[PDB]
Structures are given as C-alpha cells and as structure tokens.
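A.B. asks: Task: produce atomic coordinates for the following.
(6 chains)
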6 protein chains.
Amino acid sequence: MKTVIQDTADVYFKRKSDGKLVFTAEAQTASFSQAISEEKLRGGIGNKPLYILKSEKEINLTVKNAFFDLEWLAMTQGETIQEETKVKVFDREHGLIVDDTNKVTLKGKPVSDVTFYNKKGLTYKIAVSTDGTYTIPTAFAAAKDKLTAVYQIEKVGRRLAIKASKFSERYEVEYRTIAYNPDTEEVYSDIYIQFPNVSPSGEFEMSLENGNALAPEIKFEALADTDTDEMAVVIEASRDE
Amino acid sequence: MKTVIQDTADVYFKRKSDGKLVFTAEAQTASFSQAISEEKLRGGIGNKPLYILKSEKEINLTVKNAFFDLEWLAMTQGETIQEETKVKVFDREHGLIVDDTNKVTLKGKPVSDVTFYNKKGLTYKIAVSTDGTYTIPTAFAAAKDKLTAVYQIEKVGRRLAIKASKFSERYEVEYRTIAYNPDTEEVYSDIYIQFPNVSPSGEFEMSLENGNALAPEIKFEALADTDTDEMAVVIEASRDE
Amino acid sequence: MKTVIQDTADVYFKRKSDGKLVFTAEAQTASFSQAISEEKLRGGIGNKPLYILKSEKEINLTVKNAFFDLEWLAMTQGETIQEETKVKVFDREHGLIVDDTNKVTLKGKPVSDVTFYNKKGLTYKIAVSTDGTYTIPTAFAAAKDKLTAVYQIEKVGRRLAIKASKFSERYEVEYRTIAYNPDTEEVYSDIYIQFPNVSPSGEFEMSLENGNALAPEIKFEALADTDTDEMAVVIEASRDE
Amino acid sequence: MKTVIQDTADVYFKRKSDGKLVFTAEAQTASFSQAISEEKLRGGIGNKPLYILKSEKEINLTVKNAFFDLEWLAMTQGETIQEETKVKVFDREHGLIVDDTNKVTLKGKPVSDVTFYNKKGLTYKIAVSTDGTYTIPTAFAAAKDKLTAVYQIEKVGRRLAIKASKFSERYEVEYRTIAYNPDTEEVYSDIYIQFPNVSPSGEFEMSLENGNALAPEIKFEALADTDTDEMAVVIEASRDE
Amino acid sequence: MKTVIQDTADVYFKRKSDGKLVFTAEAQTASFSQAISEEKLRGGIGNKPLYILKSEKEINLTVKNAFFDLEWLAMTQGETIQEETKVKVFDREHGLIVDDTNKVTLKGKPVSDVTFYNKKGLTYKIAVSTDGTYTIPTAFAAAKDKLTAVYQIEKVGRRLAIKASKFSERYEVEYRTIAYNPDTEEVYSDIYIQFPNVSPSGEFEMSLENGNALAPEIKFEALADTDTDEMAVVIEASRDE
Amino acid sequence: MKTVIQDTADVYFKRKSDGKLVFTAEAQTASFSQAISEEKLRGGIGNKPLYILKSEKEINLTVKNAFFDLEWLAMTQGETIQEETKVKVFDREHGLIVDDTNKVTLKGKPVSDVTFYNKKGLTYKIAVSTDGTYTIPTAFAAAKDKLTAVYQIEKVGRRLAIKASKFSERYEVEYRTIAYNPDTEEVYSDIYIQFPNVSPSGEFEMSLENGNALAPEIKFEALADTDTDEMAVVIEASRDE
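C.D. replies: Numbers count the residues shown, from 1 in each chain, chains lettered A, B, ... in the order given. Find the structure here:
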C-alpha cells in the first residue's frame, strides 16, 4: 500500500566463497542507480524514428557509513586482515633536558638511529646505544637546554596491505528499511532490496581533515546471476503476516 | 571494534638513502585516494560483456600543514639547504631630511648604487659614495624636505636553490591518528598508514594573501616497493597490548 | 534624449496568413538578443590585425507570462483549437460503503470498466454495469468496509492536438514599453520594437511543481524579410507630438 | 606618484567618416583587457626553452550605461536614425458596453481590420467601418456586456532598421577618470585612455524584466593605427600644470 | 585600391539563342579556376633549357546554389521544359479492411494492375476492376485484416527528358560581389566577372540523403569568343561615380 | 580452450654459428604476417576458371623495443662490436675570456686545429698550440671578449662499423606470451612462436626528434628450413601440466 519511508538502511554483506557476513552497519546513505543506452534508427520521408536499440543494463551501489571499520577497506582489495603481526612504527619524545655533563638519556627502547632536534631546528643523527645514554656535540647544545627525539619502535596489532595486482572477489548485498502507513501512524511494511551478485570497484578516498567525523564510502557494481539472470530483487513483507 | 575517527594525523618522513627524518608535523589534512581503469570487451549475438580488462592501480597523497618550514620546499626539489651563506637583499630607509647644504647622509652600508625618490615621482641614481654622505642633486629637491633610499645589503642566512635539472628523489611516509570507542568515550586504537615508496611531485603554490595564513600543500605519488610489491600498508593496534 | 526604462512590455502577435491577433499580454520578460560571427584578418611583418570580418547575423526572441493561455501552445505547433468537442476523461470517487448484502452503488455514469481499490492495494476490474450497482466478491471485501472506484467519464470542452508531422507557421510581433525623462519624473516616449517575419521554435517545459505558479515561455527566431531586408525595427514616439 | 583611482569614466565616441561626437555619458563600467600569445621554442640537447616569441595583440573594451539612448544601439548596426517617419503600431481599447441594438462604437481611427474579444475568450474580426459603428452577432454577446478591441494606428516618430547586410563602421573612443593623492586626500591627476581605431561588435541583449532598470552594454574591439602603430594611449596630467 | 572581398556572388545566366535570363540565384559558391601546361626544349653541350612551349589555356566555372530550381537541371541537357503534360506515377494506399464477403473497395482511381501486400510479406496481383471492388483469395488474406495497396495513377505537371543524344547549348554568365574599403569599413566598389561564351559540362550528382538540404552543383567550361578572343572579363566600378 | 591474449612478448634471438644469445627483450610489439600470390588460368567456351597456380609463401617479422641495446643494431649489419678501442670525437668549451695580451688559454687537450668563434660570428683556425695558449689578432677580437672554441679529443669505447659489403648471417628467433581463461581470470597457457631460420633485412629508421623517447625497429625475413621445411612454428603449453 501507499507508505512513507523516513530512515536510512541497515546493510548486510557476504562473501560467496567462504561465507563471512562481512558487516552489520548503521549507515548514512544508500543508492542503487540504474542506466540504459538508447540510440534511434531513422529514415524515410521526414526523418522519422523507426526503431530504438536498447543495449545495456548497468547498476551501481554506494554506501556511506558513520563509523570506521577496517573490513570496509578489506572489501575493496580482497586481502585478508592478519592478526597479531609484528610491525615497526615511529615514536616521538619531547621535553628532554641536557645535564651538566653534556649528556642526555632516553626513556624508551629504540630500534633505529635516533634524531635530535633543538630549539632552533638543527639535526644530529646518532646510532642506537646499548646503555641508552647519549652524547651531544657542544655546538648542538649546552647545559640546561631542551631537545626532542624521534625514532622507531616495535609494536603488535592487526595488519593489511594494498598490493599492485590482487583484485576483488564477488559478493552479496542487502538493504533494509521501514515504511509507515500514512493514516494510523505506525510501521506497516519492511522494505528489502537484495542484490545477488556484486563486485567491489576500487575508488576510495580518506580525507582526514581536522575536526571532521570521518565517513568511509564504498562503491560496487552489480552483475547478473548466472542461474536466474536477476540483477536485483525487491521485497515488501508486511508485519501483519 | 567499531570506532569513531575525529582528528587529523601526525606526519613523518624519511629519505631512503641517507635517512633524514625530514619532518615531524602538526598538520590539517591527509588523503590517499585510489584509481583504476577498465575497458570491457564485447561480442556475440547480444552485444554482451565477456571479459573485463583492468590496467592500473594508482595512489596519490596530500598533506597540508599549519606552520611553514623550509624543509617542505627542500623535499620537492632535492637541493639541500646550505647554511651560513652570504646573500644580497634589498633594504629601505624612510624619513631622510635634507640639510641646509643639500646633503643627506645614509645610515646603512650600501653595496649597489643608491636610488632616491623625491616627493612626486623623480628618480636619481648616484654611485656608492665612499664616505657615506651624498650630495643632493640640483633641482631634484630643496632644503627641509623628505626622501627615501633603496639599495642592497649583505646578510647571512640559509639558502635554497631552484634549478631546472635536479628533480625529486624517493621517500617513505607515515601518518598516525587515533579512533575513539563510541560507547565509553575513551581512546581505543592507534591508526597508521605507511607508504613504503613515494616520489614527490612538483605542483605547489605559495600564495601570500593579506591577512590570511599560508598553509603549505605538498602532493606526492606512491609507487610499488621492489621487495614485496606493496603500495601502502594500514595498521591498527590496540592500547591494550 | 536620455531616458530611463523601468517596466516590461505588452506583447502582441499576428499570423501572416489570416491575421489572428493571437494575444494581448501582461508579461514578465521580453528579449531581442543579437549575434554576429567575427574573425580577424592578419598580415604583414609582425602578425598585425588589419581588418575584422563580420558575416552571419541572427536575432532570437523570448517572452514569458504569468497566466496560462492555450493559444500559447497553439502558436508553437500550427494547429487550430477545436471548440465544443466530446472527450474522455478519468474520474474518481471515494467513501463507498458496502451494504450488508455484499453490494455497493456507484453514483456516476461510467463508460469503461470500473476498477475497485481496497485498504491494502488489491484490485478488481469489473465490467460496466447496466443498472447502477455492482456485487463485490467476499474475499476482496466484507460488509461495513470502504472502497474507492476509478472509471472514465465523458465531458465536453476545448481540444488541441499536437501532431508529429506539422510544424509552426510565420508570425509578426511587437513590444511596447515606456521610458521616463530623468529630470521631471514624467513619461516621455513610447518605445516599440517590431519584428516583421519570425518562426516559432518548439521548446517548452511546463513543470507543475507544488505551490508554484506556472510561467509559460515562448522562443522565436527572426528571419530576413524578402522585400526590404529588415530583421528588426525600433521606433520612438514622443507624447508631445 | 602613487595614486588611488576609485570611480568610473566619461566615455566619448567619434565616427571617422563624418565626425559625429556620438556620445557623452554618465556610465557604470569601463574596461580594456589585453591578451597575447606565447609559444616557447624548444630545441637542442636536453629540452631547453631557447626563446619566447610573442605573436599577437588583442585589445577589447566594454561600456555600460544607466540610461537608454538610441544612438548607442544605432552605432552597432551602421544605420542612421530617420526622423519624423510615419509608422504602424498596435493600440487597445478596454471596457465597451454593448448597446440595445447589438452595436458598438469606437473612439479612434482604425487603419486595419478590427478584432474583438469576449469575456470568455472568443474572437470576431470585421472590416473597418466608415462611421465607426460595428454590429456584433447575437451569439458573441448580448446587451449590457463588456468587450475589448484591438487595431492599428498611424503614429509619427523616430525609426531605425537593423538590416541583415549592413554592418558597423569605425570610431574613436576616449575615457577619463580622476586619481587621488593618498596623503592629503585631494585630487592630483586626470587619467585618460585613448583608442585611435575601434570597430564596434554586434553582440547586445535587451532584457525588459519587470522592476529592473535597463543597463545597455556595448562591446568594442580595437585595431592597430596605420600611421604610427598605436592601439591605445594612456595620459596622466596633474592639475598643478 | 586594395579591397577586401567577403561574399559570394549573385549569378546571372542567359541563353544566347532565345535570350532568356534563366536564373537570379542566392548561391553559396562561385569559382573560375585556370590551367596551363609547358614542355621546355633542351639541347647542346650541357642539358640546359633553350625554349619553353605554351599551348593550352582553359577556364572552368562552378556554381552551387542553396535552393532547388528545375531550370538548373534543364540547363545541363538543353531540353525545354514542357508545361502541363500528363504523366504516370505510382501511388500507395495503407489499410484496407477486408469485408465478410472477402472483398475490398479501394478509395482511389487506379490505372494499371493492383498489387496487395499482406502482413506476412507475400504479394497478390489482380487486374483492374470497374466498380472498385476486388476479390481477395482466402490464402493471401483472411477475415478482418489490413492490407497495403499500390498501383499507378495519372497526374499533370512539368516534364523533362534526359536524352542520350541531345547535348548542351551555349550561355552567358555574369557575377557580382561587393568590395570594402580596408580603412573606413564601408563599401567602395562592385566587382563583376562577365563570361561571354560558356559551354556546360555534364556532371551532376543529386544525392538525397536523410535530413540534408541538397545544394545543386553544376559545372561549366568557358570557351573563346569568335569576335575578339575574350575568355573572361573582370570589371571593377567604384561607388563614387 | 578459448583464451584471451593481452600483452606483448619477450623476444629472444640466437646466432646459429657461435651461439650468442644476443638479446632478451622488454618489448612493445611483435608480428609474423604471411603472404602468397595467385595466377589462375582460364579458357574454353565461356571465360571460366580452370586451374589455380600457387608458387610462393613468405613470412615477415617485426619487433619494437623500449630501451636501446647496441647489439640490436649490430644484428642488422652483421658486424661484431669491437671493445676497448680508441676513436676521435669533437668537443666544445664555451666561455673563453681574452687576457691583457690578446692571448687565449684552453683547459682541454686538442688534437686537430682549434676553430675559435666570435659573438659576431667570425672564425679563426690555426695549427695546434704546442704550449697551451693561442694569440688572437685584434681584428678578430680585441679584449675582455668572450670566445668559444672547438676541437677534437680521443676517447675509449665500443665501436661499430657499417660496411658496404658485409651482409647478414642467419639467426634464430623465439617469442613468448601468456593467455588467460575467461571464466576464472587466472592464467592458463603460454604461447610460443618459434622461427627455425631467419635472415635480418636492412631497413631501419632512427629519428631522434626532440623529446620523443626512442623505440628502434628491426624487420626480419624467415626462410624455410632445409632439413624439414618449417618456415615457422606455433606452440601452446598449458600450466595444469
């Protein structure tokens, strides 16, 4: 029946190979635009139209979530997120003071050469010490100054890798919304929009501007089911049944 | 776990030959857009898609800072910044009164010809006087009147050269931001985006508008690592090790 | 004399064949754009310009109204508006309650099959009745319910007929607007702009959005008169003569 | 000296054939943008710019008045305004009460066939009468009803004719503004911008929107003077001389 | 003086025998190309030229109109267009309902045999009836079907005849174009190009593509007059006398 | 199975005498066109075909590289590249200042007569200086004059000598490509196109246009093998085996 739709959708994903339900979201957008190509044959006394050549059926999706989850990026490359992997990352220590003996001591555990910066913005590159106490050239600084340190440390966590060859696999998608009855002010039906075969398209961008709540974005491209030649299916299930 | 991204990312840099940690920044943006191209083949009764051709994988970057430092410019051209170099720059002295003997004495150390400017539009270019006192020309001016001088001096500082032959080198990059847990309002994970091989691009602008703040912007371009064929690495590690 | 033009203009029309003064208007716009294609010859030592070629003059018109008239669309096609023609139009009735005997009674004079709609969106296309009442299947509805019917009714009125082989005819146009004298706050002259031979262009879009007032739009194009070679004429007439 | 210029210009024109000072103005804009073509010959081992060659020089103009003056538009079309010429224009008469014998009388001097209008939108055209009394058919209207009439008259006034073959001629132009002294808050020098050979361009538009003051715009394009090869001249003259 | 030619030419033809000014066109091109050949003789010690021989002089001529006139074609074969002559042409009738008596009544006036076409694509050839009623076999058509009827008719009009023997006649041709003054942007003279004796060459190709506006093209070939040996005359006459 | 071919090939060569695998490729094109002629005999009552004569079969190759190797050109003329040989080449030294005695020095090592050049475009050649300086008459240049000189030097490098008599020897060639499976988008087979005998042909164009990356091209010609008369071979080896 006639109904009014207000809210966004809950999306569900699924890999057709191993069957991992890759999501259960709380979104901010959705779309399933369509397209067709049309050209017109012409001829005869008066350039009249005689036939129309309809020559495609393309569908594209798009979703825009309100949180960040790594699986979103996993989808757009097909890799697998490894767990508990050793990695090397940078780390920065500030506010070091130079003692009266022309020495400074760190408070971390480097793994590469440490670089010092002084209040003017010079640089002094020294190898990693075994005891952790380091010497400063007398031209670089003197007693009772302030220096900063930057170096590498080893951490553990989850890891992903974007390569130059690996490409996507094929997926299932589904939306879901709720539609109201414009007379008695209650929810009547539950819209569904299924997609039986999709293929992620690699065009993603993460602008990390200051003071903005990041919103990932993912685009797909629907294909035709081999078994039944269906590109989309729409359902309206009524809560009265 | 689901997480909320709110803040920009701290940037780090590395030159791959000598290992200069060229930067530690307090920035305003970070982006790593992707791109791919497709062709699609067609044929048969029913001009249908038979096999898709993928032909690229490009990644770019962008960083935009809040403070100006000369290393930013140094990176984009490779030329190193020599220190303690004597240079020639122009200087200006205002409010120069003419005495009753048609003579005006500078208060500087001219190195090129000194040019004075009368109160309407005139110009007059005397040679550098050894004494430093100058004879005011005949009808260029009179007594009890103002002028202003412009000439060159010799100052000491840092220097960078923009040539037309020396082009960019190859660097490594790393961003770091934090993502909040949406339930307990705390900090959960630490995000990292390494780029194991980049090539800084020459496309930049230093506009110095009045009353605005110049924010440098530098655009890179990421290529494939030779060892493992990686363009980018994304890492998430929890603050509960 | 210098004058200030404020108001829009009254627009008239006239068909060259019979002399139908197709309108007296109360409009919002009038326009008589021009256009000439200009190139530039060049020659001699130093690629100097020595002359400017000018050839291909055009004039476009545009008018825009704040009411709706049907002669408006009549001009753009070249048809004629038949008067007092019987036609077929749909009509709808609501609030039809079903008596206890599973029957309902329309109140109109259907000409085609009548379709019934319940409060869930089902359908029933019963054939036209001869007496006035209809019987309802028990499954579709029950006693003390509501139904709505849609059927076709015959009404009498005017009728245009847009045809795909016919095209517009040739017309005459004229605007009239006033201009004041910038010293005395008075009206001085009656400006006219005549167009002796013009061919309407078929391009019109009647968007009918909610709560807006539709403003039509005709566009013409002026062709050269075969007798005296005049595309446009401008006249000024002083009110003191 | 350094000055601040803040206002528009007085624009003068002058035709080169007869010598007519076609305008003085009180305008709103004035411009003379310029353009040049550059090519950068390259050659030799290594791609090196050897020489930059200039190949063209274009000077445009623009003026925008705040009052309608017929000679403006007369300039761009060549024609010479004709004075005291008889013409034909439309006129309208409202609110005519039908008499008891189905007859109406006008108050003017028709020179074309008269067209009547009903309160509902009919039409009835009848040949001009000699006594000004026209008989209206019974179906069109009855006694004590209101009709409206339209017809042509003969008026005397000025006249132009935009022909499709005759294009413009060549003029001289000159601007004039006032430049201030940024210390004493006084007027110092008068700016002038002269053009010795100009060819008006036919590209103009007269929109007559309701409640908008008409702003004529007349574009020009300048060409090199044969005597001394000057497209433009700029003169500054103090008011102390 | 030096002048600028911008425009095509009004072409005027005239038959030398009966003196009919056969055309005043509004064309799109005119041309009067030439051609000459040389041989050169050589001899003596060292192959050097000794004498140049010149033995040909041809002047072609081309015109290209925008409208279509039948006299254009009449020129190229020398016939005289006959007026009001009876001819035979084919005509077509779409949609003829078959009655219960398996007969059809045409709405025209055949003159030769009638051929029907059913939907499926067969044909059926009957002879001409007197009362206009034709019987249709029960294999070609059926009850309540729509057929297509084609036949010959008789109309009257103007007639030509492209004979394989009769060939062209002789004409006189004159052009006209207006030349401008390259300093004051006015008209200075009228260029004329008379041709006193010309012989048509038969090469016309009337392509009638879909939605194009054919420009007739006919080519000529000038020949030397017997009286004075003047293949072409070029005239310039100033507009000051 | 049906496959899709998408890339160029890695070309290989081998000389049949001394077994120098003279090359491997990162190429941009390969091709092995074929061509035969026919004669056809005719006779008898009615000109009909009777017997067709086949007497030819040829294959021609082409390869287009991206880099430059000198054996690539050594093939085309059949020479062997001598190593570690002395040659003679020209060289240039710009910016030579003239001293207070019209003497000129040189920071080089000439072997032929040095030809000095002046800014005006003069010249001066003289026997080689045996001390390290030259004297320039006042007529050529006077003093404080910047001069440019040119002279030959000796260098050691690899040398190739085109000769009028030495011609080709007989090579052997092999290609390689990869083929994909349209259903699973994995790799399936490796196509090889051998040629057991070939003779390089002399047609090569080396245009070094400014800013156009060079890509050479060698064209071969395949002759039939004496032993078993195979002018070429095509091979396909899957990767499941």
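A.B. asks: Show me which residues of chain A sit near chain F.
C.D. replies: residue A:167 (C-beta under 8 Å from any C-beta of the partner chain). Where you see a C-beta, it was placed from the backbone N, CA and C, and this is true even at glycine.
A.B. asks: need the residues of chain A near chain C, please.
C.D. replies: A:1-2, A:46, A:48.
A.B. asks: Show me what the strand of greatest length in chain A is packed up against.
C.D. replies: Across chain A, the longest stretch assigned as strand under DSSP state E is strand A:146-163. Applying 3 or more C-beta pairs under 8 Å, 6 or more residues apart in numbering or on different chains; DSSP states H and E, we find strand A:146-163 packed against helix A:70-75, strand A:82-97, strand A:114-117, strand B:230-238.
A.B. asks: JSON lines for the ones you listed, including distance to residue F:133 and mean neighbour count?
C.D. replies: As requested, the helices and strands packed on strand A:146-163 are arranged in JSON lines below (distance: least, C-beta to C-beta, whole Å; neighbours: other C-beta atoms under 10 Å in any protein chain shown):
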{"stretch": "helix A:70-75", "distance to residue F:133": "72", "mean neighbour count": "18"}
{"stretch": "strand A:82-97", "distance to residue F:133": "60", "mean neighbour count": "13"}
{"stretch": "strand A:114-117", "distance to residue F:133": "53", "mean neighbour count": "20"}
{"stretch": "strand B:230-238", "distance to residue F:133": "60", "mean neighbour count": "20"}
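A.B. asks: Reformat those as TSV; add distance to residue F:229.
C.D. replies: As requested, those are arranged in TSV below (distance: least, C-beta to C-beta, whole Å):
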stretch	distance to residue F:229
helix A:70-75	58
strand A:82-97	59
strand A:114-117	72
strand B:230-238	52
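A.B. asks: For residue B:83, find the nearest of the ones you listed.
C.D. replies: Nearest to residue B:83, of all the helices and strands packed on strand A:146-163, is strand A:114-117, at 15.4 Å by C-beta to C-beta.
A.B. asks: And for the closest one, what's in contact with it?
C.D. replies: A:104, A:106, A:123-126, A:128, A:134, A:136, A:140, A:147-151, B:21, B:24 (C-beta atoms under 8 Å, 6 or more residues apart in numbering or on different chains).
A.B. asks: Farthest-apart pair in the residues of chain A next to chain C, please.
C.D. replies: It's A:1 and A:46 that sit farthest apart of those, by C-beta to C-beta, at 46.6 Å.
A.B. asks: The two - which one has more neighbours?
C.D. replies: Neighbour comparison, residue A:1 and residue A:46: the larger count goes to residue A:1, with 16 against 10 (by other C-beta atoms under 10 Å in any protein chain shown).
A.B. asks: Which residue, neighbours along the chain excluded, lies closest to the more buried one?
C.D. replies: residue C:121 (4.6 Å; C-beta to C-beta, 6 or more residues apart in numbering or on different chains).
A.B. asks: now swap in residue A:61 and tell me
C.D. replies: Per C-beta to C-beta, 6+ apart, closest to residue A:61 is residue A:220, 4.2 Å.
A.B. asks: Pull the contacting residues for that neighbour.
C.D. replies: A:60-62, A:171, A:173, A:195, A:198-201 are the contacts of residue A:220 under C-beta under 8 Å, 6+ apart.
A.B. asks: what's the closest of those residues to chain E?
C.D. replies: residue A:60 (35.8 Å; C-beta to the nearest C-beta).
A.B. asks: Kindly tell me how buried that closest one is, as a neighbour count.
C.D. replies: 15.
A.B. asks: Is it correct that it is in contact with residue A:221?
C.D. replies: Yes. Between residue A:60 and residue A:221 there is a contact at 5.5 Å, judged by C-beta atoms under 8 Å.
A.B. asks: thinking again about what came up before, buried sites along the longest strand of chain A?
C.D. replies: A:147, A:149-152, A:155, A:157-163 (16 or more other C-beta atoms under 10 Å in any protein chain shown).
A.B. asks: distance of the residue nearest to residue A:61 from residue B:86?
C.D. replies: 62 Å (C-beta to C-beta, to the nearest Å).
A.B. asks: Please look at residue A:127 and residue A:111 and confirm they touch.
C.D. replies: No. Between residue A:127 and residue A:111 there is no contact under C-beta under 8 Å: 11.5 Å.
A.B. asks: show me the contacts for whichever residue of chain A sits closest to chain C.
C.D. replies: Distance from chain C to each residue of chain A (C-beta to the nearest C-beta) is smallest for residue A:1, at 4.6 Å. Contacts for residue A:1 were tallied using C-beta under 8 Å, 6+ apart; they are A:181, A:188-189, C:119-121.
A.B. asks: Give me the ChimeraX select line for these, limited to the buried ones.
C.D. replies: Selection of buried members from those for ChimeraX, criterion 16+ other C-beta under 10 Å:
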select /A:188,189
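A.B. asks: still on that earlier bit, please enumerate the shared neighbours of residue A:60 and residue A:221.
C.D. replies: Joint contacts of residue A:60 and residue A:221 (C-beta under 8 Å, 6+ apart) are residue A:201.
A.B. asks: picking up where we left off before, quick check: the gap between the residue nearest to residue A:61 and residue A:60.
C.D. replies: 7 Å.
A.B. asks: can you list residues touching both of those two?
C.D. replies: With contacts defined as C-beta under 8 Å, 6+ apart, the residues shared by residue A:220 and residue A:60 are residue A:201.
A.B. asks: one step back: which one of the contacts of residue A:1 is nearest to chain E?
C.D. replies: Closest to chain E, out of all of those and judged by C-beta to the nearest C-beta, is residue C:121, at 38.4 Å.
A.B. asks: hang on, that closest one in a helix?
C.D. replies: No. Residue C:121: not assigned to a helix; according to DSSP: H, G, I helix; E, B strand; the rest coil it is coil.
A.B. asks: Tell me who's in contact with the residue nearest the centre of chain A.
C.D. replies: Centroid-nearest residue in chain A, with C-alpha atoms, centre = their mean: residue A:73, separated by 4.1 Å. Contact analysis of residue A:73 by C-beta under 8 Å, 6+ apart lists A:160, A:204, A:216, B:234.
A.B. asks: Which pair of the residues you listed spans the longest distance?
C.D. replies: Between any two of those, the greatest separation by C-beta to C-beta is 14.0 Å, found for A:160 and A:216.
A.B. asks: Indicate the residue of chain A located nearest to chain B.
C.D. replies: Going by C-beta to the nearest C-beta, chain B is nearest to residue A:157 of chain A, at 2.7 Å.
A.B. asks: Now do that residue against residue A:151, distance only.
C.D. replies: Distance of residue A:157 to residue A:151, given as C-beta to C-beta: 19 Å.
A.B. asks: same question, residue A:138
C.D. replies: Distance from residue A:138 to residue A:151, by C-beta to C-beta: 23 Å.
A.B. asks: That's all I had, so thanks and see you.
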